[PDB]
Amino acid sequence: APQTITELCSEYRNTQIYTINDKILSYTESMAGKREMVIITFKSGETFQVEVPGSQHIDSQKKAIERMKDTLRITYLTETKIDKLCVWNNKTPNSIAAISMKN
Amino acid sequence: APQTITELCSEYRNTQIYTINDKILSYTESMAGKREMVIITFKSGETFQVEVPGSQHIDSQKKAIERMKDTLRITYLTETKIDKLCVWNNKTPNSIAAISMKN
Amino acid sequence: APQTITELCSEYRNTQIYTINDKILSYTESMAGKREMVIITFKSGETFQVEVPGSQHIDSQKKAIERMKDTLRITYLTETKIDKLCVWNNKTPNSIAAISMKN
Amino acid sequence: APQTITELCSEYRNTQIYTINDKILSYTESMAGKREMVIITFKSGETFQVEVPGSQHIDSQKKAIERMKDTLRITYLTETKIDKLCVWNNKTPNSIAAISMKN
Amino acid sequence: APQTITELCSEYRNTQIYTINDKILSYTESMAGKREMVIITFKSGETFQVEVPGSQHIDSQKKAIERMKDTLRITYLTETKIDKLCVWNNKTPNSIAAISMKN
Ligand SMILES: Nc1ccc(O[C@H]2O[C@H](CO)[C@H](O)[C@H](O)[C@H]2O)cc1
Ligand SMILES: Nc1ccc(O[C@H]2O[C@H](CO)[C@H](O)[C@H](O)[C@H]2O)cc1
Ligand SMILES: Nc1ccc(O[C@H]2O[C@H](CO)[C@H](O)[C@H](O)[C@H]2O)cc1
Ligand SMILES: Nc1ccc(O[C@H]2O[C@H](CO)[C@H](O)[C@H](O)[C@H]2O)cc1
Ligand SMILES: Nc1ccc(O[C@H]2O[C@H](CO)[C@H](O)[C@H](O)[C@H]2O)cc1
């Protein structure tokens, strides 16, 4: 299995690593129909989303998707610094695939 | 996908943005039958609810409804400031569709 | 939909409001068969429970019962002050229907 | 229903109350097959477990088992003082049936 | 049932104990398809993973795998020191079977 987020990210096309090194500036969560998602922004001006579960997600990703949103909420509330985000760049906002945090 | 809560809110009928910019004043949670819900209030005098799951909700919203309630509880307990709320105004109290929080 | 704990409590047959205005003194949790419940007490001596799921409960209450127990634990662990509790008074300990907290 | 952990514990066979009055010394969690459990210890030299789910458990206990493990973890991480433990003494280490915390 | 992580670790093949006595240096979480996992690192330079659920896991481990990931996130966020890890050494990075922490 991959040993670092970069290793993991390099396994998928249409992805790139954003080296955030910062806490989340804003957290947005929606339970509106067809828009059950989370959006986060940073002081850098970058915006990212955890996508609404859909056709392109495999079954195994369902729990992971819910975990990622849990992670973003607690990271926001605790002001925990995010190191890097591996994101798909074929979506707007860019779509979160993986996250890493360094202490 | 929407980039902000304002963009997200604009996609729906009967919704509107309430700029809160304040922490929750009161949190109420009910496990009484047909009233399995959460009610939040602000010192401005505005009251909002996360609705009891009903037939208007689609399947993808079920986990989202539970998430929103989780978020309100931790937001209240931590005295975290809420920036905006996108709410359905055809319900009383106004029904929460989405929330945004900024540091 | 109800806008306060008193309003939802008043919808009921055999309930009453308890003004607590205090943090929880003790928290008890059981995973023993047929006694899967939570019991909390206050310095006043008053004792309450979140009942074991049973035939008197409608299906939509199942998830809410688990949420209420989650709330009581984090409320206890954070020493958060409870405002009021709506309880069904035909059970001992008095059975929690709803909880409210303000700060 | 029972008013206290001691009253609840007495409703069962092969159980007894351990007065701990102390925070958890160590926490051990396993996801190894057939050993999916939690083990805790105290400065007193006592060791306890939340058993691996099995035939001895009834359906209503499944979520309760998961809840107890959640409680032990958060109790350990917050250095929360445990009052009493109701344990089954026909298992080694003794098996947790209920827990109480007082502040 | 085993009384310590050492006793537990010894019941499986291809495992070994890693004495850590340190907080997690980095935490990585992925929701990418086929890579739904968590990777943790320590200042020692060691790297461990919670494997993607697969054919090597039995039913009972599914909830345990998700719990382990929950434990790693909260342990990382709280800078809690990890005492030891029981890992399967037939995977790269070494795969977490159990974890222990002492206060
Ligand atoms: N095998 C494979 C092929 C495509 C792929 O990406 C697609 O799915 C992702 C969600 O899983 C993102 O939505 C991304 O934007 C989509 O383009 C991921 C894996
Ligand atoms: N397609 C579609 C489906 C539902 C809908 O709104 C209804 O459901 C909302 C929750 O989903 C709110 O309860 C709102 O008050 C209702 O009016 C609008 C459009
Ligand atoms: N119409 C109606 C519905 C429920 C009701 O309360 C019953 O259910 C409660 C939990 O839902 C408590 O268990 C209470 O002790 C029971 O008496 C009373 C009237
Ligand atoms: N009806 C009933 C049946 C068994 C019982 O105890 C058994 O199950 C417990 C788990 O629930 C503990 O594992 C205990 O060690 C076992 O002896 C209690 C009540
Ligand atoms: N009975 C039995 C047989 C094999 C076994 O190990 C395999 O599964 C583990 C997770 O369950 C790890 O993935 C390990 O690396 C695999 O080798 C565990 C138990």
Side-chain angles (χ1 to χ4, degrees), chain A residues 8-9 11-16 30-37 48-62 64-65 68 86-98, chain B residues 1 11-16 37 48-62 64-65 68 86-98, chain C residues 1 30-36, chain D residues 9 11-16 37 49-62 64-65 68 86-98, chain E residues 1 30-36:
Chain A
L8 193 147
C9 210
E11 299 193 331
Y12 300 81
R13 76 152 172 164
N14 289 149
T15 63
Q16 85 191 259
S30 166
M31 50 164 268
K34 300 318 219 202
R35 293 296 186 199
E36 305 84 351
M37 65 188 297
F48 301 103
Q49 69 168 308
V50 167
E51 284 175 272
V52 177
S55 209
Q56 21 51 56
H57 293 119
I58 57 186
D59 261 66
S60 56
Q61 287 177 287
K62 285 288 286 157
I65 287 162
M68 184 57 73
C86 167
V87 310
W88 282 289
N89 54 33
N90 66 332
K91 297 283 165 64
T92 306
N94 282 178
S95 176
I96 298 170
Chain B
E11 305 176 353
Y12 299 86
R13 181 184 131 230
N14 313 127
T15 58
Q16 80 190 248
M37 66 191 299
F48 302 99
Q49 66 168 311
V50 169
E51 293 178 81
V52 172
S55 66
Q56 71 275 28
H57 302 116
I58 60 170
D59 301 336
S60 54
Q61 285 179 292
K62 306 225 302 68
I65 292 175
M68 188 57 70
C86 168
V87 310
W88 279 289
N89 56 30
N90 56 354
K91 248 46 171 281
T92 305
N94 283 349
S95 171
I96 298 168
Chain C
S30 163
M31 55 163 268
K34 302 195 76 174
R35 292 296 198 207
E36 304 86 358
Chain D
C9 206
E11 303 187 328
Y12 303 76
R13 171 196 204 310
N14 313 120
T15 52
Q16 69 192 72
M37 65 192 294
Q49 71 171 310
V50 165
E51 288 176 83
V52 172
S55 57
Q56 72 279 33
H57 297 119
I58 60 176
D59 261 311
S60 57
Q61 283 176 296
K62 286 182 192 310
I65 293 168
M68 182 64 66
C86 168
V87 309
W88 282 284
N89 55 37
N90 61 343
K91 254 48 175 282
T92 305
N94 282 175
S95 174
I96 299 170
Chain E
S30 172
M31 51 167 263
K34 306 309 231 194
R35 292 297 190 203
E36 304 86 356

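Letters A, B, ... are given to chains in the order of the sequence lines, protein chains preceding strands, and every chain is numbered from 1. Just follow the structure's listing: the first ligand is 1, and inside any ligand the first atom is 1. Computed over heavy atoms, backbone and side chain alike; hydrogens, waters and symmetry mates excluded.
Contact atoms of ligand 1 toward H57(A): 10 (C), 11 (O) (distance under 4.0 Å to a heavy atom of the residue). Proximity to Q56(A) (heavy-atom distance under 4.0 Å) selects the following atoms of ligand 1: 8 (O), 10 (C), 11 (O), 13 (O).
In this comparison of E51(A), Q61(A), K91(A), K34(E), the heavy atom closest to atom 11 (O) of ligand 1 sits on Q61(A).
Within a 6.0 Å sphere centred on CG of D59(A), other residues, nucleotides and ligands contribute 12 heavy atoms or fewer.
Between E51(A) and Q61(A) there is no side-chain heavy-atom pair separated by less than 4.5 Å. Contact of the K62(B) side chain with the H57(B) side chain is not registered, since no non-hydrogen atoms from C-beta on lie closer than 4.5 Å. Side chains of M37(D) and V50(D) form no contact here, defined as non-hydrogen atoms less than 4.5 Å apart.
Remark: the backbone N or O of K34(E) is paired with a side-chain donor or acceptor of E36(E) at under 3.5 angstrom. Under a 3.5 Å cut-off, the side chain of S95(D) and the backbone N or O of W88(D) do not form any donor-acceptor pair. The backbone N or O of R35(A) lies less than 3.5 Å from a partner atom in the side chain of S30(A), making a donor-acceptor pair.
Shown here, atom 4 (C) of ligand 4 is out of close reach of the protein: none of its heavy atoms lies under 4.0 Å off. In this structure, atom 14 (C) of ligand 2 has a protein heavy-atom contact shorter than 4.0 Å. Taking a distance limit of 4.0 Å, we find that atom 1 (N) of ligand 2 is approached by no protein heavy atom.
Of all protein heavy atoms, the one closest to atom 6 (O) of ligand 1 is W88(A) NE1, 3.7 Å. Nearest protein heavy-atom contact of atom 19 (C) of ligand 4 is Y12(D) CD2, 4.7 Å. Among protein heavy atoms, the minimum distance from atom 17 (O) of ligand 4 is reached at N90(D) ND2, 2.9 Å.
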